[PDB]
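*Asks:* What shape does this take:
(chains A, B, C, D, E, F, G, H, I, J and K)
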Amino acid sequence: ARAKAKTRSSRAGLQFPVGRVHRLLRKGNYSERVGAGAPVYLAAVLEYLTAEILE
Amino acid sequence: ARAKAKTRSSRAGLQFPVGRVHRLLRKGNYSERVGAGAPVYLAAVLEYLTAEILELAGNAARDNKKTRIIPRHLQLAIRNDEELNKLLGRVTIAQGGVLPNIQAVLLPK
Amino acid sequence: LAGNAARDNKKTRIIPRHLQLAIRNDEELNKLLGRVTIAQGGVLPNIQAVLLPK
Amino acid sequence: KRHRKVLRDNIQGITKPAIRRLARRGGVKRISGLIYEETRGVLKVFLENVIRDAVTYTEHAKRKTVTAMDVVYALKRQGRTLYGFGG
Amino acid sequence: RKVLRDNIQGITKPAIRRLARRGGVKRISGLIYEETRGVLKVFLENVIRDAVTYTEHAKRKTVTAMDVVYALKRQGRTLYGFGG
Amino acid sequence: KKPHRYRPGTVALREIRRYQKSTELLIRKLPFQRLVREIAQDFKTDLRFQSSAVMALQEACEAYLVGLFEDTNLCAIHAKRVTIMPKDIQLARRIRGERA
Amino acid sequence: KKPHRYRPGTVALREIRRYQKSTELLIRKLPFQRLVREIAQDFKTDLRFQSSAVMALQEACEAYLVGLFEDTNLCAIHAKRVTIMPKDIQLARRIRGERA
Amino acid sequence: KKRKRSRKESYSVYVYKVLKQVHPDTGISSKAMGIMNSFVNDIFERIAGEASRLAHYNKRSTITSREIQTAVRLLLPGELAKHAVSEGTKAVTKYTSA
Amino acid sequence: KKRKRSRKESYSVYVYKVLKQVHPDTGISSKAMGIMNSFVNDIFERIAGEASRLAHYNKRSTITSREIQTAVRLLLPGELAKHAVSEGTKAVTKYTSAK
DNA sequence: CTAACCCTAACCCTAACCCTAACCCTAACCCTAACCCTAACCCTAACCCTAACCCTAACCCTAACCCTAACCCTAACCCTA
DNA sequence: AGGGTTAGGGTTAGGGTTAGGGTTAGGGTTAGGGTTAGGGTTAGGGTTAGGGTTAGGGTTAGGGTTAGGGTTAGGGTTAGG
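*Replies:* Residues are numbered from 1 along each chain as shown, chains lettered A, B, ... in the order given. See below for the structure:
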């Protein structure tokens, strides 16, 4: 049952889909290997930009 | 057991490395699968462009009484060809000057 | 057109040479007066590429 | 020894003759007098955007020398495309 | 049916005047409408050629807003809202 | 006999403000649809455009025309003038790089 | 054509014709080499600029300055003038979209 | 014949959550949500392309945090780039600590 | 060098053969060869990126001759695109006839 | 790539003449701004229809994926055009 | 480049399916070409001053020819991503 699915967003403290960003980086033909902290960094940058624009 | 090994450039009739173009398309992270007719098409297009540019450069060099192609002749041919100037508009050739274009107002009385 | 050619030739008066130059330069004027030869006037210094020295 | 460092006098390093022939190549028949400062002011901002990009490109490889390939990649990204000086 | 001159005249003069007033023009010359119509027709021709090429590549016959946005972004004019 | 007629300038300025403080469109939709259909007829026949497609086309064309008019007005102001001229649009397209 | 004085405006047309048929650098290397490093001091100290980087930077700066001068000259003749001025470079750079 | 129509990935739920976090009294129009989606997608594609270009320039086959940080510092201007870099460093530090 | 050093890649022999075919008894310079190499690489990368984008837009995973032809028609200008497309179709036909 | 002289030799930079050209009125045009009212007009409103789109459903072919072996491409070296 | 194998993405196909087209029609909208007049535009003149012209004497840059110290990729390797 793979225990429980602890949300990566609740682990990152952000409000952006880190899993969808990782999938987009993997299936987007950008590189053969995709890091783990890179989706979190991109999600944080996008969240900051969205927060500034919305404010 | 390989009988003979005919080169892909000879079977294609072109003068461009089809094998290296295919390797660049495969290792360039452009796509997972790469069609076989695509490297040949790209090589043919690049060969036609190179032939046109070299013909224009040779014509400019022959008009300038020289034999070897210089970047000045290359820039002159590129700026003279309208399609080449429209294609390479944001490209600056090093060691090359512009065309001696003087306006009518700047001309002396 | 003749005055423009004369001003370009550093001359105040209009001559038949300037008239012929302006007529041959203007495409519409050359198409209209194609079978008209201006007296006391020469052609344009047009040298072909093959006639140029190598 | 070399007990002197590079000062800020290089901004005025471009001489009046230097910018007085750079303009005549473009077709300027009469160069203004106050243009000598505006040209140095414009050239100052242009040489700062490419240098920052080259430094950021060099710092990615943990290196300390700025090659021409980094300058070419910075110019291609800014908007230019230099052919020849580099690969 | 269908006239060629009826299309260039479709860009009416008061419409171009209102556009120039929205941009910030107080006085609009008379020879501006024809040049504006010509430039707009050339730009529309280029964009429609790009969209037709995209539709033919998609092996289709309907020009979609996504293809129009792609053709506009290919020239450096990114548009938001209409599409995704 | 005087209805206090507006002097050249009064209306122009307040119309500019009224059209700048709005978000609606100016060019009609059906003539633009007829235009883009006639233009598309010069490539592939039996074409079917979309509503959002022609809407985005009209929006982009109106934005480009606004930018061109702004550049033309700026060139006219620099030429110590207030009206626009075809030579101004020509110089604007030459500097912006649209001539090639 | 006395060697004492030449008509002003005639020697420049000779200079322009001679300078437009050569590809040699106009800015000098040693003064330009110190400007690149002075700028790089604020970003990070201890840098080893390659002998080919300064050449490319100078070749790009010269081309950019030549293009800007050509645009300023094109803007100059519009106002019935022939000389450039500091007020024309601003408009030439704003129309291009660099300072906007 | 059957249903199971395609699902369209959108960031509307995240944009609305950010809006509720910042201003918990304002709203967002349908157009505004689509504009924010296009902006996020464009910035994401630009940063991903810059990271891929850097990974292709330097002989490498993965994208670490340094590549994304360099792409951010190259794309974003001055204060925005510094703030984004600080937020990303704080996020990766919290991830490596928790 | 060759101190167990690496081997770089360029397109010099090909450009030389093209020059000899289009114009005999002529020469070229190293700067001109480098400029031609940079131009070829730039056009190659541009066409490859355009083909990849066109293949990703159509939800497909194969960049084929059709995608390359569309990228050429979209990048190259007027009659140059038609001539390049004609030569590419001829090369594809020759490849399909003999390999 | 940087650090340190060298030695001439082009570069630079003040420093008066000499136009000449660019800005300020200025008058004479001149052209677009400003109603305006009436005849296209198009954007609406529903509704068909229809032809291009679209969603399953195998399956089959073509590109990948390894060797290995020709094989070509790329470093070196002088020299001559 | 050849020689041999495999699996995953094209690819067709047909039954749904859907959005675009086409339809009248009509009525407020809108254009838009009238006429008119007021403000803006431009050469013309005018004048003076601001850079062209000159030019040579101090300034300083271009190879040139080295060592010597920074500095980096080449090889190997391995364990973690």
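*Asks:* Tell me, how many residues neighbour residue D:56?
*Replies:* Neighbours of residue D:56 under the rule other CB atoms under 10 Å in any protein chain shown: 17. Quick note: C-beta positions are derived from backbone N, CA and C, even for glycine.
*Asks:* Contact partners for it?
*Replies:* H:70, H:73, H:74 (CB atoms under 8 Å, 6 or more residues apart in numbering or on different chains).
*Asks:* Can you tell me how far the first one is from residue G:53?
*Replies:* This means residue H:70. 19 Å (CB to CB, to the nearest Å).
*Asks:* Comparing the two, which shows the higher neighbour count?
*Replies:* residue G:53 (24 against 18).
*Asks:* In contact with the more buried one, which residues are there?
*Replies:* D:54, D:66, D:67, D:68, D:70, D:71, G:36.
*Asks:* rewinding a little: out of the contacts of residue D:56, which is nearest to residue F:68?
*Replies:* residue H:74 (31.5 Å; CB to CB).
*Asks:* In chain A, spot the helix with the most residues.
*Replies:* helix A:37-54 (DSSP state H).
*Asks:* how about the residues of chain H near chain B?
*Replies:* H:52, H:56 (CB under 8 Å from any CB of the partner chain).
*Asks:* For chain D, which segments count as helices?
*Replies:* D:16-26, D:35-60, D:68-78.
*Asks:* relative orientation of the last one and helix D:35-60 in degrees?
*Replies:* Orientation of helix D:68-78 against helix D:35-60 (axes from the mean of the first three to the mean of the last three CA atoms, to 10 degrees) gives an angle of 110 degrees.
*Asks:* List the buried residues of helix D:68-78.
*Replies:* D:68, D:69, D:70, D:71, D:72, D:73, D:74, D:75, D:76 (16 or more other CB atoms under 10 Å in any protein chain shown).
*Asks:* And for the first one?
*Replies:* Within helix D:16-26, the residues that qualify as buried by neighbour count (16+ other CB under 10 Å) are D:18, D:19, D:20, D:22, D:23, D:24, D:25, D:26.
*Asks:* Also stretch H:3-17?
*Replies:* H:11, H:14, H:15, H:16.
*Asks:* Give me the most central residue, chain A.
*Replies:* Chain A has residue A:18 as the residue nearest its centroid, 2.0 Å off, counting by CA atoms, centre = their mean.
*Asks:* quick one: that one and residue A:10 touch, right?
*Replies:* No: Residue A:18 is beyond contact range of residue A:10, at 10.3 Å (criterion: CB atoms under 8 Å).
*Asks:* quick revisit: which of the buried residues of helix D:16-26 come close to DNA strand J?
*Replies:* residue D:18 (CB under 7 Å from any atom of the strand).
*Asks:* Just put the buried residues of helix D:16-26 in JSON lines and tack on distance to chain F.
*Replies:* Shown next, in JSON lines, are the buried residues of helix D:16-26 (distance: CB to the nearest CB, whole Å):
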{"residue": "D:18", "distance to chain F": "25"}
{"residue": "D:19", "distance to chain F": "21"}
{"residue": "D:20", "distance to chain F": "24"}
{"residue": "D:22", "distance to chain F": "19"}
{"residue": "D:23", "distance to chain F": "17"}
{"residue": "D:24", "distance to chain F": "21"}
{"residue": "D:25", "distance to chain F": "19"}
{"residue": "D:26", "distance to chain F": "14"}
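*Asks:* Need the buried residues of helix D:16-26 in JSON lines (columns: distance to residue G:30).
*Replies:* Below are those laid out as JSON lines (distance: CB to CB, whole Å):
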{"residue": "D:18", "distance to residue G:30": "12"}
{"residue": "D:19", "distance to residue G:30": "17"}
{"residue": "D:20", "distance to residue G:30": "19"}
{"residue": "D:22", "distance to residue G:30": "17"}
{"residue": "D:23", "distance to residue G:30": "22"}
{"residue": "D:24", "distance to residue G:30": "23"}
{"residue": "D:25", "distance to residue G:30": "22"}
{"residue": "D:26", "distance to residue G:30": "25"}
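*Asks:* now the helix or strand encompassing residue H:73 and helix D:35-60, what's the angle there?
*Replies:* Secondary-structure assignment from DSSP states H and E places residue H:73 in helix H:65-75. If you take the same axes, to 10 degrees, helix H:65-75 sits at 170 degrees to helix D:35-60.
*Asks:* Phi first, then psi, for the closest residue to chain A within chain F.
*Replies:* Residue of chain F nearest chain A, by CB to the nearest CB: residue F:23 (18.8 Å). Per-residue torsions, residue F:23: phi -120, psi 0 (degrees, to the nearest 10).
*Asks:* next one: residue D:4
*Replies:* Dihedral angles for residue D:4 - degrees, to the nearest 10 - are phi -130, psi 140.
*Asks:* Next, count neighbours for it.
*Replies:* The number of residues near residue D:4, taken as other CB under 10 Å, comes to 6.
*Asks:* which of the buried residues of helix D:68-78 lies closest to residue G:88?
*Replies:* Lowest distance from residue G:88 to the buried residues of helix D:68-78 (CB to CB) belongs to residue D:75, with 26.2 Å.
*Asks:* wait, what's in contact with the closest residue to the closest one other than its chain neighbours?
*Replies:* Closest residue in space to residue D:75, ignoring its immediate chain neighbours: residue D:82 at 5.5 Å, by CB to CB, 6 or more residues apart in numbering or on different chains. If a contact means CB under 8 Å, 6+ apart, then residue D:82 has B:92, B:94, D:72, D:75, D:76, G:56, G:59, G:60 as its contacts.
*Asks:* Could I get these in JSON lines, plus columns for distance to DNA strand J?
*Replies:* Below are those laid out as JSON lines (distance: CB to the nearest atom of the strand, whole Å):
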{"residue": "B:92", "distance to DNA strand J": "22"}
{"residue": "B:94", "distance to DNA strand J": "17"}
{"residue": "D:72", "distance to DNA strand J": "14"}
{"residue": "D:75", "distance to DNA strand J": "18"}
{"residue": "D:76", "distance to DNA strand J": "20"}
{"residue": "G:56", "distance to DNA strand J": "12"}
{"residue": "G:59", "distance to DNA strand J": "16"}
{"residue": "G:60", "distance to DNA strand J": "18"}
